[PDB]
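Visitor: my complex, part one, positions kept as in the full thing:
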Amino acid sequence: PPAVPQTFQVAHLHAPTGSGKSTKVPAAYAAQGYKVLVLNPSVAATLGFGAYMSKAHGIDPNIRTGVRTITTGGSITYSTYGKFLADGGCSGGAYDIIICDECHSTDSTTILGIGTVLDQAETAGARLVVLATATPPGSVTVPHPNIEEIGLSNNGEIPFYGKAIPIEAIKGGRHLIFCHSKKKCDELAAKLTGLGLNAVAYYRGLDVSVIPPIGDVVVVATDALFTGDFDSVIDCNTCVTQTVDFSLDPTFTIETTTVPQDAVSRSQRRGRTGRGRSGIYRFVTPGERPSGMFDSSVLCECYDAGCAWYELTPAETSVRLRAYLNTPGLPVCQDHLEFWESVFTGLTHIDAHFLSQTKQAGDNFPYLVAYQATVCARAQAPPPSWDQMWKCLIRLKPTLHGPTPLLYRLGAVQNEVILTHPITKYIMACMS
């Protein structure tokens, strides 16, 4: 619980997990007349705190979200970054303290949003602006005595990234596997379900409904993160993240490449254990990786998204993205600001009906995949392939043939690619 200076200040509340950061601290604040606003990357977290904050603290916070919205009138508003950017940001929000929580996040939304805070807060009327996070940019993983950090040897057979988890000893108690991809995910889960190890896990687009409860059974699951008492975890130490490449063929190639886990995705994976009691931590490679900068690709999404939903011209999404940079204790990446801002300023006259469709079904890059298919339909030319990605062109299959006027490799490709579409050209020049 930092000061509340009458002037202005940007406080960093670097406190560990379960400290009550998104529940107690605000409450402290909301007991002095100060009107507070707390932001969080996930809905399920927002709506979460939104209750634990009422049924055990005597407060009824307004809970703003896309899937749910509740207005009480309390001076504590638990909403989310996305839903915050959606509501126009602070553009209409009178708050005296703002807490960008979990700010260690490198996702399109946190960033753009935090950037939105960092810029408007100051004049929106805010008196303090808090950035909380268990694991901030830089700070290294710490030996938490509340977690029996135990190795991982190959005194078995069950192939696991190397340190083949011995089966003879490993049965299932309270453990919890941590994987990288969706595929190889269940690939193991069942490889042991023929023994008792359910294959349960959370992917990208599922309900917590698929969660156990009792029975000393081991579970699997990807990064995005339930029930059953996690008093142990088996991290794979292989994080996977999209990484832009400038392959000039004819332009970039947003490709999801795997890699060693930094510090934030190392201790966050250890943030889901040591709960309730003296947790345990299983890991293959001990060493983590210096965290602080995030790939430039993400710098694209703010632009792709900010353009898709939040309605921010490449221009706006910049300044916001700017202010977020100049601020301390927050991650960074190469200042490809001017380039990217460059690209989108041009990608004009996107077909309304394709953005709408693409975004709806939540496609990684809604605006970019909705543009690569406007040019594709005005040129009666098919898209780079018929993956579920270009489903928006489905109704045009009858009238569409020839080569694909490729604007950027956003994944698989299967047609003659012509690299001359006036735009492709623009984007090239923009690349220099």
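Guide: Received the coordinates, thanks. Residues are numbered from 1 along each chain as shown, chains lettered A, B, ... in the order given.
Visitor: could you export the longest helix anywhere in chain A as CSV, CA atoms only?
Guide: Among the segments of chain A that qualify as a helix by DSSP state H, the longest is helix A:108-124. Presented in CSV, the C-alpha positions along helix A:108-124 are these (Å, rounded to 0.1, in the frame of the first residue of the first chain):
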residue,chain,number,x,y,z
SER,A,108,-1.1,-6.8,-26.9
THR,A,109,-3.8,-5.8,-24.5
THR,A,110,-2.0,-5.2,-21.1
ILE,A,111,0.6,-3.1,-23.0
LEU,A,112,-1.7,-1.0,-25.1
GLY,A,113,-3.9,-0.5,-22.0
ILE,A,114,-1.1,0.3,-19.6
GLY,A,115,0.1,2.6,-22.2
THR,A,116,-3.3,4.1,-22.2
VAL,A,117,-3.1,4.6,-18.4
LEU,A,118,0.4,5.9,-18.3
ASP,A,119,-0.6,8.7,-20.7
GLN,A,120,-4.0,9.8,-19.6
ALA,A,121,-3.9,8.9,-16.0
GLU,A,122,-1.8,12.0,-15.2
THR,A,123,-4.5,14.3,-16.6
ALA,A,124,-7.5,12.0,-16.2
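Visitor: strand partners (parallel or antiparallel) of the helix or strand that that helix is followed by?
Guide: The helix or strand immediately downstream of helix A:108-124 is strand A:128-132, counting by DSSP states H and E. Each strand paired with strand A:128-132, and its direction, by DSSP bridges: strand A:10-13 (parallel), strand A:97-100 (parallel).
Visitor: tell me the most buried of these?
Guide: strand A:97-100 (a mean of 27; mean count of other CB atoms under 10 Å). C-beta coordinates here come from the backbone N, C-alpha and C atoms, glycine included.
Visitor: which of the helices or strands spans residue A:423?
Guide: Per DSSP H and E: helix A:422-430 holds residue A:423.
Visitor: and that helix, what does it pack onto?
Guide: Using 3 or more CB pairs under 8 Å, 6 or more residues apart in numbering; DSSP states H and E, the elements in contact with helix A:422-430 are helix A:337-346.
Visitor: what residues of the helix it packs on count as buried?
Guide: Residues A:337, A:339, A:340, A:341, A:342, A:343, A:344 are the ones in helix A:337-346 that count as buried (16 or more other CB atoms under 10 Å).
Visitor: distance check, the first one against residue A:96.
Guide: Separation of residue A:337 from residue A:96 (CB to CB, to the nearest Å): 31 Å.
Visitor: so what's the residue count around the nearest residue to residue A:397 once chain neighbours are set aside?
Guide: Once flanking residues are discounted, residue A:397 sits nearest to residue A:382: 7.8 Å by CB to CB, 6 or more residues apart in numbering. Counted by other CB atoms under 10 Å, the residues lying close to residue A:382 total 23.
Visitor: would you map the strands across chain A?
Guide: A:10-13, A:36-40, A:62-64, A:69-70, A:76-80, A:97-100, A:128-132, A:147-150, A:233-235, A:239-243, A:255-259, A:279-283 (DSSP state E).
Visitor: quick one, which of those is nearest to residue A:194?
Guide: When those are compared by CB to CB, strand A:233-235 sits nearest residue A:194, at 18.8 Å.
Visitor: which residues does the closest one contact?
Guide: Under the contact criterion CB atoms under 8 Å, 6 or more residues apart in numbering, strand A:233-235 has outside partners A:152, A:160, A:165, A:175-178, A:261, A:266, A:269-270, A:272-273, A:279-284.
Visitor: how is chain A partitioned into domains?
Guide: A:1-137, A:138-238+A:260-291, A:239-259+A:292-432 (curated CATH domains).
Visitor: most tightly packed of those?
Guide: The most buried one of the domains of chain A (mean count of other CB under 10 Å) is domain A:1-137, showing a mean of 19.
Visitor: which residues in the stretch 251-400 of chain A form helices?
Guide: A:264-267, A:297-308, A:316-326, A:337-346, A:352-360, A:375-378 (DSSP state H, counting those that start in this stretch).
Visitor: further, place chain B onto the existing structure:
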Amino acid sequence: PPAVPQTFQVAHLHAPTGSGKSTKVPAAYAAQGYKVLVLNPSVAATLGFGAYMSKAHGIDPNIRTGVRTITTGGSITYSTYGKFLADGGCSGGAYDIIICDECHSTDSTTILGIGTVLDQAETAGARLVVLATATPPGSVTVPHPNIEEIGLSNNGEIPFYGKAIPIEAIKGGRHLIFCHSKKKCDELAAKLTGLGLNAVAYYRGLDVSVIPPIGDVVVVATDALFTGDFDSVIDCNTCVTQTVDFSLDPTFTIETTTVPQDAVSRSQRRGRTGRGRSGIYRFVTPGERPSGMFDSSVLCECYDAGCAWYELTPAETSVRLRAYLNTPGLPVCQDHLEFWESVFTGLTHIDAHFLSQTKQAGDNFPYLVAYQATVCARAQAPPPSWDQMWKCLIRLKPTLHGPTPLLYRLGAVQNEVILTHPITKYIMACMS
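Guide: Placed with the earlier chains, chain B looks like this:
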């Protein structure tokens, strides 16, 4: 009105809607000695011309539809493509001039209708075939003389496909809203009726009466809607259609999807008002998509509705359709005629009970739904799911175990399945 050449000829009309393409053109051919047949796709519209021609034209035409029939013995004949088909098509007929009104629609029937007539007419003694319309392929919305087109913003208390409707714009008069789904219609009307607004949800099934004829009113209705005399027509711009998506799992799939309106659909709704007393049109997503094309869905639905309703050999159907890809001016599609034909000839010994049951059920793909039933029972195994589509398999539920022999994803498969059935495999191979 075109001339009836000494030789045989297929003409093309393009008069704007309501100029006699289906009223004056015929009367003319009639006031000469030519026996005219006029096909339209609507059972309603059909009976409409009968009355009209009489009320003022001094011509008692014989009508032919499902619900009725009225044979006055006169040369001008009005009839649906549905009834015309079922009447053994043109083959069983001697008409001098066959006008295929509304030849731009793309429904199982209206197509077989033209294919048949475009294939038989000549050899049947026909003198002329006139494909009429006022929105041929490659056509866009031409501004309505007396209809201001306004867009939608965010100034609105009521949501609406991303945009909002300013209550103020719908507080006086008779307004018609257009929503893709009835499921949605119901809601959007409620919210409005709770705002002291006279809301009435209308769609397939309901009683046309619900809609009052006087007083202020807003109709949250779906395509199915004259005496309505509406002031404005807010439109959701999206539309719903069925698409086939070959997905070797194990053969294909026919899911219903919500896709953007084509120039046509955006001219039936926009024109639901402004007719007579100057009205207004209000949209969400600007720029209408173009017309004239139809997903392989239709081609299957033909063979199906051609084995089920009109009782026609997969061979014979192709025969009819073959005379459609050919004639120029009619909508386009992928030439899968050879494929879809294969997939059917194999589907034999359908359980007539199930077929009849399904036909009399309104099921979209009856012959396809029944065969998956037929082989289901035939093999003593349950249907994919128990949606109100398989209803025909209840007296057997007890005597039904094991995984479903999935011939094709045509609905929502909710059961352990297999894909080794001799038939599944067949089509799978017919997949060429």
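Visitor: please reconsider the nearest residue to residue A:397 now that chain B is part of the model.
Guide: residue B:334 (6.4 Å; CB to CB, 6 or more residues apart in numbering or on different chains).
Visitor: from what I see, the one you found and residue B:296 are in contact.
Guide: Yes: contact criterion CB atoms under 8 Å: residue B:334 and residue B:296 qualify, at 5.6 Å.
Visitor: how about the contacts made by residue A:250?
Guide: Residues near residue A:250 by CB atoms under 8 Å, 6 or more residues apart in numbering or on different chains: A:406, A:407, A:408, A:417, A:419, A:424, A:427, A:428.
Visitor: for residue A:125, what are its contacts?
Guide: Per CB under 8 Å, 6+ apart, neighbours of residue A:125: A:94, A:95, A:96.
Visitor: whoops, I mixed them up, residue A:69
Guide: Residues counted as contacts of residue A:69 (CB under 8 Å, 6+ apart) are residue A:63.
Visitor: from chain B, how far off is the closest residue to residue A:75 other than its chain neighbours?
Guide: Closest residue to residue A:75 apart from its sequence neighbours, by CB to CB, 6+ apart: residue A:35 at 4.0 Å. Separation of residue A:35 from chain B (CB to the nearest CB, to the nearest Å) stands at 25 Å.
Visitor: ok, residue A:35 to residue A:114 distance?
Guide: Distance of residue A:35 to residue A:114, computed by CB to CB: 19 Å.
Visitor: again, but for residue A:104
Guide: Following CB to CB, the distance that separates residue A:104 from residue A:114 is 11 Å.
Visitor: if we can go back for a sec, identify, from the contacts of residue A:250, the entry nearest to chain B.
Guide: Using CB to the nearest CB, residue A:407 comes nearest to chain B of the contacts of residue A:250, at 20.0 Å.
Visitor: tell me if I'm right that that closest one and residue A:372 touch.
Guide: Yes: if you go by CB under 8 Å, residue A:407 and residue A:372 touch, sitting 4.8 Å apart.
Visitor: got the contact list for residue A:94?
Guide: Counted by CB under 8 Å, 6+ apart, residue A:94 has contacts A:35, A:124, A:125.
Visitor: residue A:275 versus residue A:176, what's the distance?
Guide: 11 Å.
Visitor: give me the common contacts of those two.
Guide: residue A:230.
Visitor: and the residue of the stretch 1-150 of chain A found nearest chain B, its phi and psi?
Guide: With CB to the nearest CB, the shortest gap between the stretch 1-150 of chain A and chain B falls at residue A:88, namely 9.3 Å. Main-chain dihedrals, residue A:88, degrees, to the nearest 10: phi 90, psi 0.
Visitor: how much space between residue A:391 and residue B:245?
Guide: From residue A:391 to residue B:245 the distance is 8 Å (CB to CB).
Visitor: just to revisit the earlier point, the more surrounded of residue B:334 and residue B:296?
Guide: Neighbours were counted for residue B:334 and for residue B:296 using other CB atoms under 10 Å in any protein chain shown; residue B:296 has more, 22 against 15.
Visitor: correct me, but residue A:156 touches residue A:192?
Guide: No: assessed by CB under 8 Å, residue A:156 is found out of contact with residue A:192, at 11.4 Å.
Visitor: any common contacting residues for those two?
Guide: Common neighbours of residue A:156 and residue A:192 (CB under 8 Å, 6+ apart) are residue A:167.
Visitor: can you list the residues of chain A near chain B?
Guide: A:351, A:352, A:353, A:356, A:357, A:394, A:395, A:396, A:397, A:398, A:399 (CB under 8 Å from any CB of the partner chain).
Visitor: tell me the contacts of the fifth one?
Guide: When contacts are counted by CB under 8 Å, 6+ apart, residue A:357 is found next to A:370, A:391, A:392, B:259, B:260.
Visitor: check the first one too.
Guide: For residue A:351, the residues meeting the contact criterion (CB under 8 Å, 6+ apart) are A:370, A:373, A:374, A:377, B:287.
Visitor: state the distance from it to residue A:393.
Guide: 10 Å.
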